[PDB]
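Q: need a structure here:
(3 chains)
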Amino acid sequence: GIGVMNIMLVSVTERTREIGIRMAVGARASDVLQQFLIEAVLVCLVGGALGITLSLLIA
Amino acid sequence: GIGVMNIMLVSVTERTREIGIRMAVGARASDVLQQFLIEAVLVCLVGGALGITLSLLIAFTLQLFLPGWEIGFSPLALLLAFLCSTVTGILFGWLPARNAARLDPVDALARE
Amino acid sequence: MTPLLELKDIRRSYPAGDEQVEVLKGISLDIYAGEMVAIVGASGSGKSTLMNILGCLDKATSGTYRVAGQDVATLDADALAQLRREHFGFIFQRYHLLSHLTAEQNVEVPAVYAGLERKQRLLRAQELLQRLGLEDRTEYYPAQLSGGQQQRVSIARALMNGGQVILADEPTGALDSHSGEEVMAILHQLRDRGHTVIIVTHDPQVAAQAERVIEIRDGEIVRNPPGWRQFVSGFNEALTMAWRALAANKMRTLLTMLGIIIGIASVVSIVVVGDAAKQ
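A: Residues are numbered from 1 along each chain as shown, chains lettered A, B, ... in the order given. Pasting the structure now:
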């Protein structure tokens, strides 16, 4: 799961100008960490749902 | 190791215009698959070298704990691990760079 | 009366050779409502950086730039952003917007930081779009949109804040004088709406449109001739934003999620099976 961090890092790295337009509309510095981390853990949870699903399939 | 394929896919995706300038200098469609897959398996092998290195570090680490438990090198397993890193490397890097080989220089350049 | 802005002797300076350079020097400026001020001057004069003062991007550590009589030096930068929602509605030549969002969303964004019901401000945004004369374009990606319309989206985006103060990077320079000066006429409408607006340009010609050119050089003007609610709304709205960001890379998302899935599925797998044989 660790490389997912690298993935998100890349994604945000792509978002650099998007980061700028978001700060441009007065986003709090916390807010990007908010949305991004929430998206990441979101992926973790949906992958956890499909994951447990497949695990039950194995069951 | 599978996500490394995703990583390389991203990297090549970034290289799109670079892909176009490389096709612009008359590169064979095979050649991109060549260099990219070679770089990927390269990462697999250097990571296999540092990996086996750390594994040996763990080995001496277990020499440090000897309740009669004994270390024993298995070089055939070492080389099998190497070849395994290799085949996983080609396994991951093959398809995306194949899709890269599919690509036209035209779209790889004119696109903005 | 007292001008809503008071830039007196404010100046920035930034390090080079481990010493700050004269990007700016002490300048006296005052601004009323409804102003349509040009920022004529040499490129790289820091008049852009001066606009960054106007954007309150950084404290100048000099002078007292009294926004509505309140100096920038006192307020939090986050409070400055609160001022931005309270006032500022910036617009650029490059019409920067998410490729992700539909234009309605691209206008939707600034008020997201405000605490407000989505549907209401969506209706307001639709009003802003009809103000742009745009309606059919609402669902389109900006890439699907013509650039002048995209700039219109930047305008409505400014408008959702009420557009009380508006900086403007090269409003017409990205495109034709037709739609360009047209949008400039809309700027005249907002001037008629009485909101303060301030274009920036090194070009006198487009500056002719403005009611108040001001030229700066060598760091000084050579002349002046006239809530947890958004956290949960963050949860669901950025849930949608997440779905869109994944839409940007469904395949990468696939490999990623699969990397998760095989992992956890294997977790519960080996745990349960080993536990069972153990039983």
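Q: how about the residues of chain C by chain B?
A: Within chain C, the positions adjacent to chain B are C:251-252, C:255-256, C:258-259 by Cβ under 8 Å from any Cβ of the partner chain. Any C-beta I mention is one placed from the backbone N, CA and C, and that applies to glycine too.
Q: recalculate using a threshold of 10 Å.
A: With Cβ under 10 Å from any Cβ of the partner chain as the criterion, chain C meets chain B at residues C:249, C:251-256, C:258-260, C:262.
Q: dump the residue contacts of residue C:13.
A: C:19-25, C:46, C:49, C:60-62, C:219 (Cβ atoms under 10 Å, 6 or more residues apart in numbering or on different chains).
Q: do residue C:164 as well
A: Listed by Cβ under 10 Å, 6+ apart, the contact partners of residue C:164 are C:4, C:33, C:68, C:83-89, C:158, C:194-197.
Q: I'd like to know which of those residues are buried.
A: For the contacts of residue C:164, a burial check counting by 16 or more other Cβ atoms under 10 Å in any protein chain shown picks out C:4, C:83-89, C:158, C:195-197.
Q: next up, phi/psi of residue C:69, please.
A: The phi/psi pair for residue C:69 (degrees, to the nearest 10) reads phi 80, psi 0.
Q: give me the number of residues near it?
A: The number of residues packed near residue C:69 is 11, by other Cβ atoms under 10 Å in any protein chain shown.
Q: that one touches residue C:31, doesn't it?
A: No - contact criterion Cβ atoms under 10 Å: residue C:69 and residue C:31 do not qualify, at 11.7 Å.
Q: just the ones of the contacts of residue C:164 in strands?
A: Residues of the contacts of residue C:164 located in strands (DSSP state E): C:196-197.
Q: ok and the residue in chain C nearest chain A?
A: Nearest residue of chain C to chain A: residue C:260, at 2.9 Å (Cβ to the nearest Cβ).
Q: am I right that that residue is in a helix?
A: Yes - under DSSP: H, G, I helix; E, B strand; the rest coil, residue C:260 falls within a helix.
Q: assign the spatially closest residue to it that is not a sequence neighbour to helix, strand or coil.
A: Leaving out its chain neighbours, the residue that sits closest to residue C:260 by Cβ to Cβ, 6 or more residues apart in numbering or on different chains is residue A:47, at 2.9 Å. Under the three-state scheme (three-state DSSP), residue A:47 adopts helix.
Q: so who does residue A:47 touch?
A: Counted by Cβ under 10 Å, 6+ apart, residue A:47 has contacts A:1, A:4, C:253, C:256-265.
Q: among the residues you listed, who's most crowded?
A: Ranked by the number of neighbours (other Cβ under 10 Å), the contacts of residue A:47 place residue C:256 first, at 24 neighbours.
Q: with chain B as the reference, measure out to residue A:18.
A: Applying Cβ to the nearest Cβ, to the nearest Å, the value for residue A:18 to chain B is 16 Å.
Q: other SSEs contacting the host helix or strand of that residue?
A: Assigned by DSSP states H and E, residue A:18 falls within helix A:16-24. Applying 3 or more Cβ pairs under 10 Å, 6 or more residues apart in numbering or on different chains; DSSP states H and E, one finds that helix A:16-24 contacts helix A:3-14, helix A:29-58, helix C:77-86, helix C:103-112, helix C:147-159.
Q: okay, those in JSON lines with distance to residue C:278 next?
A: Output for the helices and strands packed on helix A:16-24, formatted as JSON lines (distance: least, Cβ to Cβ, whole Å):
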{"stretch": "helix A:3-14", "distance to residue C:278": "32"}
{"stretch": "helix A:29-58", "distance to residue C:278": "18"}
{"stretch": "helix C:77-86", "distance to residue C:278": "55"}
{"stretch": "helix C:103-112", "distance to residue C:278": "52"}
{"stretch": "helix C:147-159", "distance to residue C:278": "61"}
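Q: who's in contact with residue C:131?
A: C:125, C:152, C:155-156, C:159, C:186, C:189.
Q: against residue C:175, how distant is it?
A: 20 Å (Cβ to Cβ, to the nearest Å).
Q: kindly report the same for residue C:251.
A: Here the criterion is Cβ to Cβ. By it, residue C:251 lies 35 Å from residue C:175.
Q: again with residue C:123
A: For residue C:123, the distance to residue C:175 - Cβ to Cβ - is 30 Å.
Q: for those two, indicate the residue with more neighbours.
A: Between residue C:123 and residue C:175, counting by other Cβ under 10 Å, residue C:175 is the more crowded of the two (18 against 11).
Q: so the more buried one sits right up against residue C:93, yeah?
A: Yes - Residue C:175 is within contact range of residue C:93, at 9.1 Å (criterion: Cβ under 10 Å).
Q: okay, which residue is most central for chain A?
A: Closest to where the C-alpha atoms of chain A average out (Cα atoms, centre = their mean) is residue A:40, at 2.4 Å.
Q: name all residues that make contact with that residue.
A: By Cβ under 10 Å, 6+ apart, residue A:40 lies in contact with A:4-5, A:7-8, A:11-12, C:242, C:256.
Q: equivalent analysis for residue C:198, please.
A: C:5, C:31, C:35-39, C:51, C:54, C:90, C:165-168, C:210, C:212, C:214.
Q: now do 6 Å
A: Counting by Cβ atoms under 6 Å, 6 or more residues apart in numbering or on different chains, residue C:198 makes contact with C:37, C:167.
Q: could you measure it against residue C:170, distance?
A: The gap separating residue C:198 from residue C:170 is 13 Å, by Cβ to Cβ.
Q: residue numbers of chain A in contact with chain B?
A: Contacts of chain A with chain B, taken as Cβ under 6 Å from any Cβ of the partner chain, map to A:3, A:10.
Q: pick out the residue of chain A closest to chain B.
A: residue A:3 (4.2 Å).
Q: distance of residue C:261 relative to residue C:160?
A: Using Cβ to Cβ, we find residue C:261 at a distance of 40 Å from residue C:160.
Q: I meant residue C:105, not that one.
A: Taken as Cβ to Cβ, the span from residue C:105 to residue C:160 is 11 Å.
Q: next: residue C:17.
A: From residue C:17 to residue C:160 the distance is 44 Å (Cβ to Cβ).
Q: perfect, that will be all.
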